[PDB]
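> My file is query03.txt. It has compact mmCIF, N, CA and C atoms:
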```txt
# COMPACT_ATOMS: atom_id res chain seq x y z
N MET S 1 43.68 10.92 -93.22
CA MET S 1 43.41 12.24 -92.63
C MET S 1 42.19 12.81 -93.32
N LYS S 2 41.03 12.76 -92.67
CA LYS S 2 39.77 13.25 -93.22
C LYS S 2 39.13 14.28 -92.30
N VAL S 3 39.20 14.09 -90.98
CA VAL S 3 38.65 15.02 -90.00
C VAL S 3 39.66 15.18 -88.86
N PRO S 4 40.72 16.00 -89.03
CA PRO S 4 41.69 16.22 -87.98
C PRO S 4 41.03 17.05 -86.86
N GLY S 5 41.69 17.22 -85.72
CA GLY S 5 41.12 18.00 -84.63
C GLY S 5 41.02 19.45 -85.07
N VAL S 6 39.89 20.11 -84.77
CA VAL S 6 39.73 21.51 -85.15
C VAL S 6 40.06 22.24 -83.86
N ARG S 7 41.13 23.01 -83.86
CA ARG S 7 41.60 23.75 -82.70
C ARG S 7 40.74 24.97 -82.42
N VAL S 8 40.07 25.00 -81.27
CA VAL S 8 39.25 26.15 -80.87
C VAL S 8 39.60 26.50 -79.43
N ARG S 9 39.26 27.72 -79.02
CA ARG S 9 39.51 28.26 -77.70
C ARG S 9 38.23 28.85 -77.16
N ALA S 10 37.93 28.61 -75.89
CA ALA S 10 36.71 29.15 -75.30
C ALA S 10 36.89 30.61 -74.92
N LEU S 11 35.86 31.40 -75.20
CA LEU S 11 35.80 32.84 -74.93
C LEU S 11 35.44 33.11 -73.46
N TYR S 12 34.96 32.10 -72.72
CA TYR S 12 34.57 32.15 -71.32
C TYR S 12 34.83 30.78 -70.70
N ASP S 13 34.64 30.66 -69.39
CA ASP S 13 34.85 29.45 -68.59
C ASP S 13 33.48 28.85 -68.25
N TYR S 14 33.10 27.73 -68.89
CA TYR S 14 31.83 27.02 -68.71
C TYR S 14 32.11 25.51 -68.57
N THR S 15 31.19 24.75 -67.96
CA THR S 15 31.37 23.32 -67.75
C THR S 15 30.12 22.51 -68.15
N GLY S 16 29.99 22.25 -69.46
CA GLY S 16 28.90 21.46 -70.00
C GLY S 16 27.52 21.96 -69.60
N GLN S 17 26.51 21.10 -69.76
CA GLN S 17 25.13 21.36 -69.36
C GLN S 17 24.60 20.21 -68.50
N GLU S 18 25.23 19.04 -68.59
CA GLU S 18 24.92 17.82 -67.87
C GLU S 18 26.27 17.11 -67.63
N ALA S 19 26.26 15.97 -66.95
CA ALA S 19 27.45 15.18 -66.64
C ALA S 19 28.09 14.47 -67.85
N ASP S 20 27.51 14.56 -69.05
CA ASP S 20 28.03 13.91 -70.27
C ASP S 20 28.79 14.88 -71.17
N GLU S 21 28.87 16.14 -70.76
CA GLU S 21 29.52 17.19 -71.50
C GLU S 21 30.90 17.46 -70.90
N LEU S 22 31.78 18.03 -71.72
CA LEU S 22 33.16 18.40 -71.43
C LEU S 22 33.18 19.68 -70.60
N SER S 23 34.34 19.93 -69.99
CA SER S 23 34.57 21.10 -69.19
C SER S 23 35.80 21.79 -69.76
N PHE S 24 35.73 23.09 -70.03
CA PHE S 24 36.87 23.83 -70.54
C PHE S 24 37.06 25.07 -69.66
N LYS S 25 38.20 25.74 -69.77
CA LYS S 25 38.53 26.94 -69.02
C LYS S 25 38.61 28.10 -70.01
N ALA S 26 38.49 29.34 -69.52
CA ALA S 26 38.57 30.51 -70.39
C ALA S 26 39.98 30.53 -70.97
N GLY S 27 40.10 30.45 -72.30
CA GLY S 27 41.39 30.45 -72.98
C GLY S 27 41.96 29.05 -73.20
N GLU S 28 41.34 28.00 -72.65
CA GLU S 28 41.78 26.61 -72.81
C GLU S 28 41.57 26.24 -74.29
N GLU S 29 42.27 25.23 -74.79
CA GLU S 29 42.17 24.78 -76.17
C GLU S 29 41.59 23.38 -76.22
N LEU S 30 40.68 23.14 -77.15
CA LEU S 30 40.01 21.86 -77.35
C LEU S 30 40.03 21.52 -78.84
N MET S 31 39.88 20.23 -79.16
CA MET S 31 39.88 19.74 -80.52
C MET S 31 38.54 19.13 -80.86
N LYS S 32 37.74 19.77 -81.70
CA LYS S 32 36.46 19.18 -82.07
C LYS S 32 36.76 17.95 -82.91
N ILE S 33 35.92 16.92 -82.79
CA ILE S 33 36.08 15.69 -83.54
C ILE S 33 34.82 15.31 -84.32
N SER S 34 33.66 15.83 -83.95
CA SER S 34 32.38 15.57 -84.60
C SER S 34 31.79 16.91 -85.06
N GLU S 35 30.61 16.92 -85.66
CA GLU S 35 29.96 18.13 -86.15
C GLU S 35 28.99 18.77 -85.16
N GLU S 36 28.55 19.97 -85.50
CA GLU S 36 27.61 20.77 -84.74
C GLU S 36 26.18 20.24 -84.91
N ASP S 37 25.39 20.41 -83.85
CA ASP S 37 23.99 20.03 -83.75
C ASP S 37 23.12 21.26 -83.89
N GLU S 38 21.80 21.06 -83.97
CA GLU S 38 20.82 22.13 -84.10
C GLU S 38 20.84 23.08 -82.89
N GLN S 39 21.32 22.62 -81.73
CA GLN S 39 21.44 23.37 -80.47
C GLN S 39 22.84 24.03 -80.34
N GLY S 40 23.66 23.98 -81.39
CA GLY S 40 25.00 24.55 -81.37
C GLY S 40 25.93 23.72 -80.49
N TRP S 41 25.62 22.44 -80.30
CA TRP S 41 26.39 21.50 -79.52
C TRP S 41 27.44 20.88 -80.44
N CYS S 42 28.68 20.71 -79.98
CA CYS S 42 29.74 20.10 -80.78
C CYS S 42 30.43 19.05 -79.92
N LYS S 43 30.75 17.90 -80.50
CA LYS S 43 31.42 16.81 -79.81
C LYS S 43 32.90 16.93 -80.12
N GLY S 44 33.75 16.84 -79.11
CA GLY S 44 35.19 16.96 -79.29
C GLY S 44 35.98 16.29 -78.19
N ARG S 45 37.29 16.51 -78.24
CA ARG S 45 38.26 15.98 -77.31
C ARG S 45 39.18 17.06 -76.79
N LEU S 46 39.34 17.08 -75.47
CA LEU S 46 40.26 18.02 -74.84
C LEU S 46 41.67 17.48 -75.08
N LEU S 47 42.69 18.31 -74.87
CA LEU S 47 44.09 17.89 -75.05
C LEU S 47 44.48 16.76 -74.08
N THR S 48 43.71 16.55 -73.01
CA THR S 48 43.94 15.50 -72.02
C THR S 48 43.31 14.16 -72.48
N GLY S 49 42.64 14.16 -73.65
CA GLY S 49 41.98 13.00 -74.23
C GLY S 49 40.53 12.83 -73.77
N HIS S 50 40.03 13.72 -72.89
CA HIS S 50 38.65 13.66 -72.40
C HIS S 50 37.71 13.85 -73.58
N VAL S 51 36.59 13.13 -73.59
CA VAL S 51 35.57 13.14 -74.63
C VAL S 51 34.24 13.65 -74.10
N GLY S 52 33.43 14.27 -74.96
CA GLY S 52 32.11 14.76 -74.59
C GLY S 52 31.65 15.85 -75.55
N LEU S 53 30.56 16.51 -75.18
CA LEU S 53 29.94 17.62 -75.91
C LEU S 53 30.43 18.92 -75.26
N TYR S 54 30.60 20.00 -76.02
CA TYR S 54 31.04 21.31 -75.55
C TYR S 54 30.16 22.33 -76.28
N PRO S 55 29.75 23.43 -75.63
CA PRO S 55 28.91 24.40 -76.29
C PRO S 55 29.70 25.16 -77.36
N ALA S 56 29.46 24.85 -78.64
CA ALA S 56 30.14 25.47 -79.77
C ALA S 56 29.98 26.98 -79.74
N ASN S 57 28.80 27.45 -79.31
CA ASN S 57 28.46 28.86 -79.22
C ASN S 57 29.33 29.64 -78.24
N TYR S 58 30.14 28.99 -77.40
CA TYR S 58 30.99 29.63 -76.40
C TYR S 58 32.47 29.62 -76.80
N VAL S 59 32.82 29.11 -77.99
CA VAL S 59 34.21 29.03 -78.44
C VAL S 59 34.37 29.52 -79.89
N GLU S 60 35.61 29.68 -80.34
CA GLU S 60 35.96 30.11 -81.69
C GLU S 60 37.35 29.57 -82.03
N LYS S 61 37.70 29.57 -83.32
CA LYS S 61 38.99 29.07 -83.78
C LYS S 61 40.11 29.95 -83.30
N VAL S 62 41.28 29.33 -83.27
CA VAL S 62 42.52 29.97 -82.88
C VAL S 62 43.60 29.37 -83.79
N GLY S 63 43.27 29.28 -85.08
CA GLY S 63 44.11 28.71 -86.11
C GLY S 63 44.86 29.77 -86.88
N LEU S 64 44.19 30.46 -87.80
CA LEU S 64 44.75 31.50 -88.65
C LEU S 64 43.79 32.68 -88.69
N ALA S 65 44.13 33.74 -89.40
CA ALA S 65 43.26 34.91 -89.53
C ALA S 65 41.98 34.49 -90.27
N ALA S 66 40.94 35.34 -90.27
CA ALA S 66 39.69 35.03 -90.96
C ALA S 66 39.89 34.99 -92.49
N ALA S 67 41.01 35.55 -92.96
CA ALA S 67 41.57 35.71 -94.29
C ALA S 67 41.62 37.21 -94.53
N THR Y 101 18.81 17.05 -80.52
CA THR Y 101 20.16 17.02 -79.93
C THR Y 101 20.15 16.12 -78.69
N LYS Y 102 21.30 15.94 -78.02
CA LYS Y 102 21.39 15.13 -76.81
C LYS Y 102 20.53 15.78 -75.72
N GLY Y 103 20.91 16.98 -75.28
CA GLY Y 103 20.21 17.75 -74.26
C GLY Y 103 20.16 19.24 -74.62
N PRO Y 104 19.23 20.01 -74.03
CA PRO Y 104 19.09 21.44 -74.31
C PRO Y 104 20.28 22.22 -73.76
N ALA Y 105 21.17 22.61 -74.67
CA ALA Y 105 22.40 23.36 -74.47
C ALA Y 105 22.25 24.63 -73.60
N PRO Y 106 23.39 25.23 -73.18
CA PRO Y 106 23.39 26.46 -72.38
C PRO Y 106 23.02 27.70 -73.20
N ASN Y 107 22.94 27.48 -74.50
CA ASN Y 107 22.61 28.41 -75.58
C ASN Y 107 21.31 29.19 -75.26
N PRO Y 108 21.12 30.40 -75.80
CA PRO Y 108 22.02 31.13 -76.70
C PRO Y 108 23.32 31.55 -75.98
N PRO Y 109 24.35 32.01 -76.71
CA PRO Y 109 25.60 32.44 -76.09
C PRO Y 109 25.38 33.60 -75.11
N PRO Y 110 26.31 33.84 -74.17
CA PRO Y 110 26.19 34.89 -73.18
C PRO Y 110 26.44 36.30 -73.72
N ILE Y 111 27.63 36.60 -74.24
CA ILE Y 111 28.00 37.92 -74.75
C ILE Y 111 28.84 37.76 -76.04
N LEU Y 112 29.86 38.61 -76.23
CA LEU Y 112 30.83 38.68 -77.33
C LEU Y 112 30.23 38.38 -78.72
N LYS Y 113 29.47 39.34 -79.27
CA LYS Y 113 28.84 39.22 -80.59
C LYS Y 113 28.57 40.58 -81.22
N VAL Y 114 27.60 41.32 -80.68
CA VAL Y 114 27.11 42.62 -81.11
C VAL Y 114 28.17 43.70 -81.13
N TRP Y 115 29.19 43.56 -80.28
CA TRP Y 115 30.28 44.53 -80.17
C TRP Y 115 29.67 45.90 -79.91
```
Could you write out this file's structure as structure tokens?

Amino acid sequence: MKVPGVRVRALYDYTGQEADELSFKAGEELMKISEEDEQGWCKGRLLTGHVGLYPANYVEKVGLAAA
Amino acid sequence: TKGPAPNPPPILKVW
């Protein structure tokens, strides 16, 4: 266990930027699996096992309080 | 990066 899925929720309903990106719904939950890029792009997996890039700038965690 | 993202974000920031 080194990089578990990071649970995030989208603040709006968007569908990638090209055909290689993931599609999420407003309030849907996704699990990031890779790191963020210079364009705020993050690679992850949806709960359905779908893989691709998702706009990190359009989502936030839904884990615990900020502290 | 792979491709030029939808970025910058749309809203929910400045409050």
> Within 6.5 Å of chain Y, which residues of chain S show up when using only N, CA and C atoms, listed as an NGL selection string?
:S and (16-17 or 37-39 or 55 or 57-58)
> For atom C of residue 5 in chain S and atom N of residue 45 in chain S, quote the distance in Å rounded to one decimal.
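These atoms are spaced 8.3 Å apart.
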> At a cut-off of 7 Å, using all atoms listed in the file, what residues contact residue 33 in chain S? Leave out same-chain residues fewer than 3 positions from it and give the result as a PDB file with N, CA and C atoms, in the coordinates of the input.

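Result went into around-v4.pdb, see below:
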```pdb
ATOM      1  N   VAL S   3      39.200  14.090 -90.980  1.00  0.00           N
ATOM      2  CA  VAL S   3      38.650  15.020 -90.000  1.00  0.00           C
ATOM      3  C   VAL S   3      39.660  15.180 -88.860  1.00  0.00           C
ATOM      4  N   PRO S   4      40.720  16.000 -89.030  1.00  0.00           N
ATOM      5  CA  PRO S   4      41.690  16.220 -87.980  1.00  0.00           C
ATOM      6  C   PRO S   4      41.030  17.050 -86.860  1.00  0.00           C
ATOM      7  N   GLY S   5      41.690  17.220 -85.720  1.00  0.00           N
ATOM      8  CA  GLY S   5      41.120  18.000 -84.630  1.00  0.00           C
ATOM      9  C   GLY S   5      41.020  19.450 -85.070  1.00  0.00           C
ATOM     10  N   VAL S   6      39.890  20.110 -84.770  1.00  0.00           N
ATOM     11  CA  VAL S   6      39.730  21.510 -85.150  1.00  0.00           C
ATOM     12  C   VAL S   6      40.060  22.240 -83.860  1.00  0.00           C
ATOM     13  N   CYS S  42      28.680  20.710 -79.980  1.00  0.00           N
ATOM     14  CA  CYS S  42      29.740  20.100 -80.780  1.00  0.00           C
ATOM     15  C   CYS S  42      30.430  19.050 -79.920  1.00  0.00           C
ATOM     16  N   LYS S  43      30.750  17.900 -80.500  1.00  0.00           N
ATOM     17  CA  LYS S  43      31.420  16.810 -79.810  1.00  0.00           C
ATOM     18  C   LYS S  43      32.900  16.930 -80.120  1.00  0.00           C
ATOM     19  N   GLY S  44      33.750  16.840 -79.110  1.00  0.00           N
ATOM     20  CA  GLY S  44      35.190  16.960 -79.290  1.00  0.00           C
ATOM     21  C   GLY S  44      35.980  16.290 -78.190  1.00  0.00           C
ATOM     22  N   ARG S  45      37.290  16.510 -78.240  1.00  0.00           N
ATOM     23  CA  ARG S  45      38.260  15.980 -77.310  1.00  0.00           C
ATOM     24  C   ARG S  45      39.180  17.060 -76.790  1.00  0.00           C
TER      25      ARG S  45
END
```
> Give me, please, the distance in Å between atom N of residue 63 in chain S and atom N of residue 19 in chain S, quoted to one decimal.
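Distance reported for this atom pair: 28.2 Å.
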> Within 6 Å of (32.3, 18.0, -74.7), in the coordinates the file gives, what residues turn up when you count all atoms listed in the file, written out as a JSON list (two decimals) with N, CA and C atoms, in the coordinates of the input?

```
[["chain", "number", "residue", "atom", "x", "y", "z"],
["S", 20, "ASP", "N", 27.51, 14.56, -69.05],
["S", 20, "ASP", "CA", 28.03, 13.91, -70.27],
["S", 20, "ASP", "C", 28.79, 14.88, -71.17],
["S", 21, "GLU", "N", 28.87, 16.14, -70.76],
["S", 21, "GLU", "CA", 29.52, 17.19, -71.50],
["S", 21, "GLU", "C", 30.90, 17.46, -70.90],
["S", 22, "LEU", "N", 31.78, 18.03, -71.72],
["S", 22, "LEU", "CA", 33.16, 18.40, -71.43],
["S", 22, "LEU", "C", 33.18, 19.68, -70.60],
["S", 23, "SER", "N", 34.34, 19.93, -69.99],
["S", 23, "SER", "CA", 34.57, 21.10, -69.19],
["S", 23, "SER", "C", 35.80, 21.79, -69.76],
["S", 42, "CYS", "N", 28.68, 20.71, -79.98],
["S", 42, "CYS", "CA", 29.74, 20.10, -80.78],
["S", 42, "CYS", "C", 30.43, 19.05, -79.92],
["S", 43, "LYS", "N", 30.75, 17.90, -80.50],
["S", 43, "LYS", "CA", 31.42, 16.81, -79.81],
["S", 43, "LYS", "C", 32.90, 16.93, -80.12],
["S", 44, "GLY", "N", 33.75, 16.84, -79.11],
["S", 44, "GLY", "CA", 35.19, 16.96, -79.29],
["S", 44, "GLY", "C", 35.98, 16.29, -78.19],
["S", 51, "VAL", "N", 36.59, 13.13, -73.59],
["S", 51, "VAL", "CA", 35.57, 13.14, -74.63],
["S", 51, "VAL", "C", 34.24, 13.65, -74.10],
["S", 52, "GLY", "N", 33.43, 14.27, -74.96],
["S", 52, "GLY", "CA", 32.11, 14.76, -74.59],
["S", 52, "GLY", "C", 31.65, 15.85, -75.55],
["S", 53, "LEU", "N", 30.56, 16.51, -75.18],
["S", 53, "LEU", "CA", 29.94, 17.62, -75.91],
["S", 53, "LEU", "C", 30.43, 18.92, -75.26],
["S", 54, "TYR", "N", 30.60, 20.00, -76.02],
["S", 54, "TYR", "CA", 31.04, 21.31, -75.55],
["S", 54, "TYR", "C", 30.16, 22.33, -76.28]]
```
> One decimal, in Å: what's the spacing between CA of residue 41 in chain S and CA of residue 56 in chain S?
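These two atoms are separated by 5.5 Å.
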> Considering only N, CA and C atoms, can you say which of S:59, S:64, S:26, S:49 comes closest to residue 8 in chain S?
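Looking only at the distances to residue 8 in chain S, the closest residue turns out to be S:59.
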> Run DSSP on the backbone of this structure and report the residues of range 8-62 of chain S it assigns to strand (DSSP E or B), as a list in words.
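The strand (DSSP E or B) residues within range 8-62 of chain S come out as residues 8, 9, 10, 15, 21, 23, 29, 30, 31, 32, 33, 34, 35, 36, 41, 42, 43, 44, 45, 46, 51, 52, 53, 54, 55, 59, 60 and 61 of chain S.
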> Atoms to include: N, CA and C atoms. Write the selected residues as a PDB file, in the frame of the given file.

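Wrote it out as again28.pdb, contents follow:
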```
ATOM      1  N   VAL S   8      40.070  25.000 -81.270  1.00  0.00           N
ATOM      2  CA  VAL S   8      39.250  26.150 -80.870  1.00  0.00           C
ATOM      3  C   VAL S   8      39.600  26.500 -79.430  1.00  0.00           C
ATOM      4  N   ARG S   9      39.260  27.720 -79.020  1.00  0.00           N
ATOM      5  CA  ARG S   9      39.510  28.260 -77.700  1.00  0.00           C
ATOM      6  C   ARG S   9      38.230  28.850 -77.160  1.00  0.00           C
ATOM      7  N   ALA S  10      37.930  28.610 -75.890  1.00  0.00           N
ATOM      8  CA  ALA S  10      36.710  29.150 -75.300  1.00  0.00           C
ATOM      9  C   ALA S  10      36.890  30.610 -74.920  1.00  0.00           C
ATOM     10  N   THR S  15      31.190  24.750 -67.960  1.00  0.00           N
ATOM     11  CA  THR S  15      31.370  23.320 -67.750  1.00  0.00           C
ATOM     12  C   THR S  15      30.120  22.510 -68.150  1.00  0.00           C
ATOM     13  N   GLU S  21      28.870  16.140 -70.760  1.00  0.00           N
ATOM     14  CA  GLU S  21      29.520  17.190 -71.500  1.00  0.00           C
ATOM     15  C   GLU S  21      30.900  17.460 -70.900  1.00  0.00           C
ATOM     16  N   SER S  23      34.340  19.930 -69.990  1.00  0.00           N
ATOM     17  CA  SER S  23      34.570  21.100 -69.190  1.00  0.00           C
ATOM     18  C   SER S  23      35.800  21.790 -69.760  1.00  0.00           C
ATOM     19  N   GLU S  29      42.270  25.230 -74.790  1.00  0.00           N
ATOM     20  CA  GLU S  29      42.170  24.780 -76.170  1.00  0.00           C
ATOM     21  C   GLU S  29      41.590  23.380 -76.220  1.00  0.00           C
ATOM     22  N   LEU S  30      40.680  23.140 -77.150  1.00  0.00           N
ATOM     23  CA  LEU S  30      40.010  21.860 -77.350  1.00  0.00           C
ATOM     24  C   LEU S  30      40.030  21.520 -78.840  1.00  0.00           C
ATOM     25  N   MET S  31      39.880  20.230 -79.160  1.00  0.00           N
ATOM     26  CA  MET S  31      39.880  19.740 -80.520  1.00  0.00           C
ATOM     27  C   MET S  31      38.540  19.130 -80.860  1.00  0.00           C
ATOM     28  N   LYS S  32      37.740  19.770 -81.700  1.00  0.00           N
ATOM     29  CA  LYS S  32      36.460  19.180 -82.070  1.00  0.00           C
ATOM     30  C   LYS S  32      36.760  17.950 -82.910  1.00  0.00           C
ATOM     31  N   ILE S  33      35.920  16.920 -82.790  1.00  0.00           N
ATOM     32  CA  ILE S  33      36.080  15.690 -83.540  1.00  0.00           C
ATOM     33  C   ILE S  33      34.820  15.310 -84.320  1.00  0.00           C
ATOM     34  N   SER S  34      33.660  15.830 -83.950  1.00  0.00           N
ATOM     35  CA  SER S  34      32.380  15.570 -84.600  1.00  0.00           C
ATOM     36  C   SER S  34      31.790  16.910 -85.060  1.00  0.00           C
ATOM     37  N   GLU S  35      30.610  16.920 -85.660  1.00  0.00           N
ATOM     38  CA  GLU S  35      29.960  18.130 -86.150  1.00  0.00           C
ATOM     39  C   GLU S  35      28.990  18.770 -85.160  1.00  0.00           C
ATOM     40  N   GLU S  36      28.550  19.970 -85.500  1.00  0.00           N
ATOM     41  CA  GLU S  36      27.610  20.770 -84.740  1.00  0.00           C
ATOM     42  C   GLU S  36      26.180  20.240 -84.910  1.00  0.00           C
ATOM     43  N   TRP S  41      25.620  22.440 -80.300  1.00  0.00           N
ATOM     44  CA  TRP S  41      26.390  21.500 -79.520  1.00  0.00           C
ATOM     45  C   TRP S  41      27.440  20.880 -80.440  1.00  0.00           C
ATOM     46  N   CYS S  42      28.680  20.710 -79.980  1.00  0.00           N
ATOM     47  CA  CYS S  42      29.740  20.100 -80.780  1.00  0.00           C
ATOM     48  C   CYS S  42      30.430  19.050 -79.920  1.00  0.00           C
ATOM     49  N   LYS S  43      30.750  17.900 -80.500  1.00  0.00           N
ATOM     50  CA  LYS S  43      31.420  16.810 -79.810  1.00  0.00           C
ATOM     51  C   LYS S  43      32.900  16.930 -80.120  1.00  0.00           C
ATOM     52  N   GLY S  44      33.750  16.840 -79.110  1.00  0.00           N
ATOM     53  CA  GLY S  44      35.190  16.960 -79.290  1.00  0.00           C
ATOM     54  C   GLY S  44      35.980  16.290 -78.190  1.00  0.00           C
ATOM     55  N   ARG S  45      37.290  16.510 -78.240  1.00  0.00           N
ATOM     56  CA  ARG S  45      38.260  15.980 -77.310  1.00  0.00           C
ATOM     57  C   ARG S  45      39.180  17.060 -76.790  1.00  0.00           C
ATOM     58  N   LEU S  46      39.340  17.080 -75.470  1.00  0.00           N
ATOM     59  CA  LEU S  46      40.260  18.020 -74.840  1.00  0.00           C
ATOM     60  C   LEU S  46      41.670  17.480 -75.080  1.00  0.00           C
ATOM     61  N   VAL S  51      36.590  13.130 -73.590  1.00  0.00           N
ATOM     62  CA  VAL S  51      35.570  13.140 -74.630  1.00  0.00           C
ATOM     63  C   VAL S  51      34.240  13.650 -74.100  1.00  0.00           C
ATOM     64  N   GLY S  52      33.430  14.270 -74.960  1.00  0.00           N
ATOM     65  CA  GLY S  52      32.110  14.760 -74.590  1.00  0.00           C
ATOM     66  C   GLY S  52      31.650  15.850 -75.550  1.00  0.00           C
ATOM     67  N   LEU S  53      30.560  16.510 -75.180  1.00  0.00           N
ATOM     68  CA  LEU S  53      29.940  17.620 -75.910  1.00  0.00           C
ATOM     69  C   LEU S  53      30.430  18.920 -75.260  1.00  0.00           C
ATOM     70  N   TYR S  54      30.600  20.000 -76.020  1.00  0.00           N
ATOM     71  CA  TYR S  54      31.040  21.310 -75.550  1.00  0.00           C
ATOM     72  C   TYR S  54      30.160  22.330 -76.280  1.00  0.00           C
ATOM     73  N   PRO S  55      29.750  23.430 -75.630  1.00  0.00           N
ATOM     74  CA  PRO S  55      28.910  24.400 -76.290  1.00  0.00           C
ATOM     75  C   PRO S  55      29.700  25.160 -77.360  1.00  0.00           C
ATOM     76  N   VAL S  59      32.820  29.110 -77.990  1.00  0.00           N
ATOM     77  CA  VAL S  59      34.210  29.030 -78.440  1.00  0.00           C
ATOM     78  C   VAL S  59      34.370  29.520 -79.890  1.00  0.00           C
ATOM     79  N   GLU S  60      35.610  29.680 -80.340  1.00  0.00           N
ATOM     80  CA  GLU S  60      35.960  30.110 -81.690  1.00  0.00           C
ATOM     81  C   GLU S  60      37.350  29.570 -82.030  1.00  0.00           C
ATOM     82  N   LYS S  61      37.700  29.570 -83.320  1.00  0.00           N
ATOM     83  CA  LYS S  61      38.990  29.070 -83.780  1.00  0.00           C
ATOM     84  C   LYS S  61      40.110  29.950 -83.300  1.00  0.00           C
TER      85      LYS S  61
END
```
> Once 5 Å is added on each side, what centre and edge lengths in Å to one decimal does the axis-aligned box around all listed atoms of range 104-113 of chain Y have, as AutoDock Vina command-line options?

```
--center_x 25.0 --center_y 30.3 --center_z -76.8 --size_x 21.7 --size_y 30.6 --size_z 18.8
```
> Counting only N, CA and C atoms, which residue out of S:9, S:61, S:40, S:14 sits closest to residue 27 in chain S?
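Counting only N, CA and C atoms, the residue closest to residue 27 in chain S is S:9.
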